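Q: Protein chains in written order, with my numbering: chain A, 311 to 577; chain B, 311 to 577.
Virtual Cβ for every residue (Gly too), placed ideally from N, Cα, C.
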Ligand SMILES: Nc1nc2ncc(CO)nc2c(=O)[nH]1
Ligand SMILES: Nc1nc2ncc(CO)nc2c(=O)[nH]1
Ligand SMILES: [Cl-]
Ligand SMILES: [Cl-]
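1. At a threshold of 7 Å, does residue 446(A) count as lining ligand 1 (C-beta to nearest heavy atom)?
2. Comparing C-alpha positions only, which one of 335(B), 344(B), 350(B) and 362(B) sits nearest to residue 441(B)?
3. List the endpoints of the continuous alpha helix (DSSP H) containing residue 323(B).
4. At what residue ranges does the segment 400-451 of chain B contain a whole run of the alpha helix (DSSP H), taking only runs of 4 or more?
5. Do residue 303(B) and residue 371(B) have their CB atoms nearer than 8 Å?
6. Should residue 426(B) and residue 473(B) be called a contact, given that it needs their Cβ atoms to be closer than 8 Å?
7. Return the chain-ordered list of same chain residues with a C-beta closer than 6 Å to the C-beta of residue 492(B), the five sequence neighbours on each side being excluded.
8. Could you tell me whether the Cβ of residue 575(B) comes closer than 8 Å to any Cβ of chain A?
9. Just curious, the alpha helix (DSSP H) that residue 335(A) is in, first and last residue?
10. Would you verify that the beta carbon of residue 500(A) is, or is not, closer than 8 Å to some beta carbon of chain B?
11. Might you give, ordered along the chain, the residues of its own chain that have their beta carbon closer than 8 Å to the beta carbon of residue 369(B), omitting 5 neighbours on each side?
12. Using a threshold of 8 Å, state whether the C-beta atoms of residue 540(B) and residue 417(A) are closer than that.
13. Return the CA-CA distance between residue 454(A) and residue 566(B), expressed in angstroms with no decimal places.
14. Which ranges does the beta strand (DSSP E) cover as unbroken runs of at least 3 residues, wholly within the segment 506-546 of chain A, from first to last along the chain?
15. Scan the segment 543-556 of chain B for residues whose Cβ lies nearer than 8 Å to a Cβ of chain A and list them as they occur along the chain.
16. So which of 463(B), 319(B) and 475(B) has the shortest CA-CA distance to residue 340(B)?
17. For residue 319(B), return the contacting residues in chain A, with the cut-off set at a CB-CB distance below 7 Å.
18. Could you say which of 406(A), 435(A) and 384(A) lies nearest to residue 373(A) if we only look at CA atoms?
19. Taking the DSSP output, what are the residues bridged to residue 552(A)?
20. Exposed or buried, which one is residue 414(B) when buried takes at least 16 other CB atoms within 10 Å?
21. Which bits of chain B does residue 342(A) rub up against, with CB to CB less than 8 Å?
22. Hey, how far is the Cα of residue 494(A) from the Cα of residue 327(A)?
23. When the distance is taken between beta carbons, is residue 459(B) closer than 8 Å to residue 422(B)?
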């Protein structure tokens with residue numbers, strides 16, 4: 311029996327900041343209602359055009375939300391999106407069990423150790439830039455699969471050297487602008503995702519209505535749900551163990567079909 | 311450059327039968343608007359519980375609709391779903407360029423010759439039953455891929471013997487109840503669809519909200535669009551050249567993503 315994918319539901323937190331906390335719990339409950347396995351909280355955007363926020367601002371955004379979710383939804387599994395060691399440290403103390411670092415441990419030399427001194431998992435994503443805030447850039451590649459594979463191999467090596475065992479390391483190839491503002495490279499990584507299973511780590515991907523799904527029609531975000539379903543399903547077909555998404559209900563259901571296709575006949 | 315899938319939009323025609331014809335043209339135009347490449351007309355259901363209709367009743371349903379579409383939408387490519395030679399013959403005379411036979415040429419010994427004496431393509435579908443009206447039956451298989459492959463090999467041989475060249479033969483493994491009321495076999499055929507490319511024919515499949523997509527939640531038809539998108543996308547990933555669907559807009563868009571994943575890098 312092949313296990314289904316774990317669905318990671320996005321809960322972004324980016325005078326009146328207390329109005330967000332009650333609404334965050336309502337949103338988290340809806341994500342769980344739709345079948346999310348993990349609620350992913352983040353207080354700092356890192357897409358193109360984003361700017362750096364301080365650790366104090368980042369904590370001020372996510373800590374009230376973590377506390378409220380831990381109190382009202384106590385069995386909910388929490389992940390926190392951060393590249394800052396101080397933020398990861400507080401998140402882990404409050405009960406988060408996953409840290410997702412879009413810098414793959416590069417932005418803060420202390421973050422690996424913080425996670426090493428926990429029982430949390432870390433997600434290491436490939437990005438074409440050193441700055442966790444990714445750029446608009448039509449980066450080309452001779453062989454994006456080789457580039458990303460070797461990058462993730464090296465980041466896994468670094469995470470293990472800092473004390474994180476392989477079984478708490480999750481790898482993400484990146485998709486969309488993190489890989490390139492040219493969409494072809496995201497499709498190539500999805501095509502060859504099974505090659506990354508040789509690194510011995512669970513795989514996490516996030517098609518999530520990214521602009522590489524705009525296609526020939528130049529589809530805006532509201533029109534990218536069919537493409538997000540198709541990409542997330544093929545990612546699972548090709549070895550994804552986690553899918554991060556805003557559309558938990560539909561992507562869970564589409565991924566269940568991928569799992570069923572991967573299921574070998576009766577033995 | 312890998313070609314995109316051809317989307318086959320379903321237009322079913324199953325006191326006041328003249329009210330259907332004007333509405334059929336409106337529906338056909340919408341299917342084309344959404345990006346269908348072929349409009350598939352049929353006057354006889356063949357799912358579980360369906361009953362046989364006469365050739366005269368079948369023609370009385372589809373001929374006014376074909377004529378109206380040929381007149382109002384003259385560049386639209388028309389396929390007709392029929393297992394009857396007489397019906398196929400009239401459809402071809404009126405300008406249909408595809409005959410889809412859910413009996414794979416078994417139900418009417420004259421149908422192969424009718425298509426041979428045309429420039430139309432024929433779709434040969436596998437079904438577990440000889441009767442084109444398929445049964446409710448949880449048919450089990452030792453190796454459904456072997457069964458279906460050998461069946462389609464033999465039907466291709468028969469079609470060629472009757473005068474239809476390979477390049478006008480399209481093969482469909484069947485899905486849903488045509489294969490089995492047990493869903494596992496539909497998923498297995500999707501998993502192994504590329505094995506059928508050895509038969510040297512274009513491949514046609516129709517996930518189209520069939521009950522094998524009901525999943526663990528026992529989803530009704532209204533809730534099967536994410537699963538239809540995922541299944542149709544993986545079918546294209548695995549070699550489908552045609553996808554037959556009611557949800558042309560969404561399935562076209564999901565399949566475009568599958569095509570992009572199949573697209574090799576710059577050479
Ligand atoms: N691991 C991971 N994290 C992300 N965080 C933000 C965004 C924003 O688009 N994408 C991703 C992603 O693709 N993978
Ligand atoms: N070739 C083909 N024809 C069909 N006709 C009707 C239906 C009705 O569900 N399905 C199919 C199908 O899966 N393939
Ligand atoms: Cl610590
Ligand atoms: Cl004839």
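A: Taking the structure as given:
1. No heavy atom of ligand 1 is found nearer than 7 Å to the CB of residue 446(A).
2. 362(B)
3. Neither: residue 323(B) is in no alpha helix (DSSP H) and is coded neither H nor E.
4. 421-426
5. Given a span of 311 to 577 for chain B in the structure shown, any question on residue 303(B) remains unanswerable.
6. For residue 426(B) and residue 473(B), yes; Cβs fall inside 8 Å.
7. 448
8. Between residue 575(B) and chain A, the shortest Cβ-Cβ separation is below 8 Å.
9. 328-343
10. yes
11. 353, 396, 397 and 400
12. no
13. The alpha-carbon atoms of residue 454(A) and residue 566(B) are separated by roughly 21 Å.
14. For the segment 506-546 of chain A, whole beta strand (DSSP E) runs of length 3 or above, ordered along the chain, are 512-515.
15. 543, 544 and 547
16. Looking from the CA of residue 340(B), the closest CA among 463(B), 319(B) and 475(B) belongs to 319(B).
17. The premise fails here: residue 319(B) is roughly 15 Å from chain A at the closest Cβ pair, so nothing lies under 7 Å.
18. 406(A)
19. 316(A) and 514(A)
20. buried
21. By Cβ distance, chain B contributes nothing, its closest Cβ being about 16 Å from residue 342(A), past 8 Å.
22. 40 Å
23. Not a contact, by the Cβ cut-off of 8 Å.
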